[PDB]
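A short write-up of the structure that comes next.
What is reported rests on the model, the rules as stated and the sources as named; none is laboratory data. Note that each Cβ is placed from the backbone with ideal geometry, even for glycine, and that neighbours are counted across all protein chains shown.
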Amino acid sequence: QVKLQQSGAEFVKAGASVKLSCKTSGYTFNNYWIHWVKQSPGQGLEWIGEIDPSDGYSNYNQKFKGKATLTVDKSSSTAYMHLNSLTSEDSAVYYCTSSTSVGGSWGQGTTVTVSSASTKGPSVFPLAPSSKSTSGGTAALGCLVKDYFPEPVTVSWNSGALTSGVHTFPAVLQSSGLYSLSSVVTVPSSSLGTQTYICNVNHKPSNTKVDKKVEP
Amino acid sequence: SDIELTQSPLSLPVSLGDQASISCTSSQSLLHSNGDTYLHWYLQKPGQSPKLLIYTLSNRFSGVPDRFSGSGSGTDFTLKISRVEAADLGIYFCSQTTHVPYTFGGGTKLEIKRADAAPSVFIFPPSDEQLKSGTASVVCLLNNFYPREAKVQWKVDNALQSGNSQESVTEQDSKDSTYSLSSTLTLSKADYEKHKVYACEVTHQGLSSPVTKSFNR
């Protein structure tokens, strides 16, 4: 069973370096080449380079030469990629891949977030229902979860009990370097003030849990 | 320079059980000196890594369903899915490993087709709680629409707002195959207090003409 097991998420400052790793098993490590691939919103999928573990020979995409360095540790059957002089352009998911010959499976990916920001819990603001949020017999309400770092935050509604019509949107990165996200739900218009609505917000990186009631 | 792979279409709506066909063309021949053509097809599901379906043009990767087939002529390539299932939904990528540097196409999204659904549009003024703190976020919600394409335009006392809003969109809904979208307009408390009419104008294929939702503070 070929398994490629990548290291965990990285959060580093511009100018820093990171060493990502990819532990392999279920094939003869020394007989097949390892590749690394970048996936970013800005550039899609990009091949970084390849390394032959047998003699350590490596070959790069000229776009990443001296940005990225490939090595292996044969005792552990682990591949590594060192990334240096990081910029926000390097914030991406990085995959490690095996040869098509051993199945050409890809690791899970490792997310690298390059940022000056420090850990910060969100403020939670209501998005109250009104006439402005009522299309006939359905009303929308929600929570604005603002100014946190890093991702992620979780949001449930009424302590897991409300899930129908919930939309928790992807976070956006604000020009301040902090994230912001909305979670909304549509409900029967007639339920308002009879049924209470609470958004349960959790931001584990800062240990910030908030239950926020949302009413007209 | 580097080999460019161009995929078509960008987005492919299908109904479950339809046949799907996706195209990839190369700016150079992908025939290697060894006689092989190193053009490969991958499927990436949301939050997952790319998975290899077809390698070297037409070789079905061991354990990939028979309904995936690869074809093509040295520079024009095609992936066919004979009976589309829910497991097949996501982004399909072609890639080439004939010539260094290896390169990828831009992806084709295979999504569920449904009837046009106009968005339900809702606008939320900033909360008094937030105003105390010193910022004003105005949120416009476009709920349960299809197709994905939607234009949101913010107006503050008829001043078209540009560069001071951010949008976010959900993945296609499991049940109803719709999208939802939130757009946040960020102002200072000071600026927010200077104006009266906040308007979110929504342009969508499913609407007669663009709808506007506003409030006056």
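From the set of residues in the stretch B:194-217 that are under 15 Å from B:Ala159 (Cα atoms) and of a type in the set (A, V, I, L, M), which is surrounded by the fewest Cβ atoms within 10 Å (Cβ to Cβ)?
B:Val197
Failed condition for B:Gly105, given (1) touching a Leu at 6+ places or on another chain (Cβ under 6 Å); (2) outside the structural domain of B:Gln48 (by TED's automatic domain parsing); (3) farther than 30 Å from B:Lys196 by Cα, with all others met?
(2)
Go through B:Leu30, B:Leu110, B:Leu39 for me and flag whichever is touching a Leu at 6+ places or on another chain (Cβ under 9 Å) and within 13 Å of chain A (Cβ to nearest Cβ). Even if it seems obvious, please write down each step before you answer.
Working: B:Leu30 fails: within 13 Å of chain A (Cβ to nearest Cβ); B:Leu110 fails: within 13 Å of chain A (Cβ to nearest Cβ).
Testing whether each residue is touching a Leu at 6+ places or on another chain (Cβ under 9 Å) and within 13 Å of chain A (Cβ to nearest Cβ) leaves just B:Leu39.
Looking at A:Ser189, is it out of contact with any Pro (no Cβ under 9 Å at 6 or more places or on another chain) and polar (S, T, N, Q)?
Values: out of contact with any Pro (no Cβ under 9 Å at 6 or more places or on another chain): no; polar (S, T, N, Q): yes.
No, not satisfied.
Residue under question is A:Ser76, and the condition is that it be within 30 Å of A:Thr119 (Cβ to Cβ) and in contact (Cβ under 8 Å) with a residue 40 or more places away in the chain; does it hold? Outline the logic, then answer.
Values: within 30 Å of A:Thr119 (Cβ to Cβ): no; in contact (Cβ under 8 Å) with a residue 40 or more places away in the chain: yes.
No, not satisfied.
Select, from B:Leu52, B:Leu16, the only residue that is assigned to a strand (DSSP E or B) and either in contact (Cβ under 8 Å) with a residue 60 or more places away in the chain or within 29 Å of A:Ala92 (Cβ to Cβ) (or both).
Working: B:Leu16 fails: assigned to a strand (DSSP E or B).
The match here is B:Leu52.
Restricting the search to the stretch A:48-70, which residues are of a type in the set (D, E, K, R), away from every other protein chain (no Cβ under 12 Å) and touching a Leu at 6+ places or on another chain (Cβ under 9 Å)?
Step one: of the stretch A:48-70, the residues of a type in the set (D, E, K, R) are A:50, A:52, A:55, A:63, A:65, A:67.
Among the residues that remain, those that are also away from every other protein chain (no Cβ under 12 Å) are: A:52, A:55, A:67.
Of everything in the stretch A:48-70, just one residue is of a type in the set (D, E, K, R), away from every other protein chain (no Cβ under 12 Å) and touching a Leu at 6+ places or on another chain (Cβ under 9 Å), namely A:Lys67.
Results for (1) closer than 21 Å to B:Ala136 by Cα; (2) in a strand (DSSP E or B), shown as yes or no for each residue.
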residue	(1), (2)
A:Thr113	no, yes
A:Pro129	yes, no
A:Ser176	yes, no
A:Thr186	no, yes
A:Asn200	no, yes
A:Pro205	no, no
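Just to be sure before I move on: is A:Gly15 closer than 27 Å to B:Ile3 by Cβ, in a loop (DSSP other than H, G, I, E, B) and not hydroxyl-bearing (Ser, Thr, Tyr) in the structure I sent?
Numbers: closer than 27 Å to B:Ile3 by Cβ: no; in a loop (DSSP other than H, G, I, E, B): yes; not hydroxyl-bearing (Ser, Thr, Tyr): yes.
Spelling it out, it is not the case that A:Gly15 is closer than 27 Å to B:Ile3 by Cβ, in a loop (DSSP other than H, G, I, E, B) and not hydroxyl-bearing (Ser, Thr, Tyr).
I'd like the residue in the stretch B:90-104 that is facing another protein chain (nearest Cβ under 10 Å) and closer than 21 Å to A:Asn59 by Cβ and, out of all such residues, is surrounded by the most Cβ atoms within 10 Å (Cβ to Cβ).
Top of the filtered list is B:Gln96.
For the structure I just gave you, tell me whether A:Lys23 is charged (D, E, K, R), touching a residue at least 60 places away in the same chain (Cβ under 8 Å) and either more than 14 Å from every other protein chain (Cβ to nearest Cβ) or assigned to a strand (DSSP E or B) (or both). Let's see the steps before the verdict.
On the way: charged (D, E, K, R): yes; touching a residue at least 60 places away in the same chain (Cβ under 8 Å): no; either more than 14 Å from every other protein chain (Cβ to nearest Cβ) or assigned to a strand (DSSP E or B) (or both): yes.
The answer is no for A:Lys23.
Could you count how many residues in the stretch A:122-158 are touching a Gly at 6+ places or on another chain (Cβ under 8 Å), touching a residue at least 60 places away in the same chain (Cβ under 8 Å) and more than 9 Å from chain B (Cβ to nearest Cβ)?
Looking only at the stretch A:122-158, we keep the residues that are touching a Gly at 6+ places or on another chain (Cβ under 8 Å), and these are A:126-127, A:148-149.
Checking which are touching a residue at least 60 places away in the same chain (Cβ under 8 Å) leaves us with A:126-127, A:148.
Subsequent filtering for residues that are more than 9 Å from chain B (Cβ to nearest Cβ) retains A:148.
Residues that pass the stated criteria total 1.
B:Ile81 is checked against (1) touching an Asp or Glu at 6+ places or on another chain (Cβ under 8 Å); (2) within 14 Å of another protein chain (Cβ to nearest Cβ) and fails just one. What number does that condition carry?
If we test B:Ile81 against (1) touching an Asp or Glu at 6+ places or on another chain (Cβ under 8 Å); (2) within 14 Å of another protein chain (Cβ to nearest Cβ), just (2) comes out false.
Which pairs turn up if I take residues in the stretch B:118-131 that are more than 8 Å from chain A (Cβ to nearest Cβ) and look for partners that are part of a loop (DSSP other than H, G, I, E, B) with beta carbon separation below 7 Å, at least 6 apart in sequence or on another chain?
B:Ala118/B:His204; B:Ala118/B:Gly206; B:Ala118/B:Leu207; B:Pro119/B:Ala150; B:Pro119/B:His204
Which of the residues spanning the stretch B:62-78 are surrounded by 20 or more Cβ atoms within 10 Å (Cβ to Cβ) and either within 14 Å of chain A (Cβ to nearest Cβ) or closer than 23 Å to B:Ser15 by Cβ (or both)?
So in the stretch B:62-78, the residues surrounded by 20 or more Cβ atoms within 10 Å (Cβ to Cβ) come out as B:70, B:77.
B:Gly70 - this is the single residue of the stretch B:62-78 that is surrounded by 20 or more Cβ atoms within 10 Å (Cβ to Cβ) and either within 14 Å of chain A (Cβ to nearest Cβ) or closer than 23 Å to B:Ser15 by Cβ (or both).
Identify the residue in the stretch B:172-192 that is loosely packed, with under 14 Cβ neighbours inside 10 Å and touching a residue at least 40 places away in the same chain (Cβ under 8 Å) and, among all such residues, is farthest from the other protein chains (Cβ to nearest Cβ). Explain how you work it out, then say what you get.
Of the residues in the stretch B:172-192, the ones loosely packed, with under 14 Cβ neighbours inside 10 Å are B:174-176, B:188, B:190-191.
Imposing the further condition that a residue be touching a residue at least 40 places away in the same chain (Cβ under 8 Å) reduces the set to B:176, B:188, B:191.
Values: B:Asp176: 11, B:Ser188: 13, B:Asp191: 16 Å.
Top of the filtered list is B:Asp191.
For the stretch A:94-109, indicate whether the set of residues that are over 19 Å from the mean Cα position of the chain (by Cα) and over 26 Å from B:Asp36 (Cα atoms) is non-empty.
Within the stretch A:94-109, not a single residue is over 19 Å from the mean Cα position of the chain (by Cα) and over 26 Å from B:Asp36 (Cα atoms).
When you check B:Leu160 against the structure, is it more than 8 Å from chain A (Cβ to nearest Cβ) and either closer than 20 Å to A:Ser180 by Cβ or of a type outside the set (A, V, I, L, M) (or both), yes or no?
On the way: more than 8 Å from chain A (Cβ to nearest Cβ): yes; either closer than 20 Å to A:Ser180 by Cβ or of a type outside the set (A, V, I, L, M) (or both): no.
Here the answer is no, as B:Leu160 does not meet what is asked.
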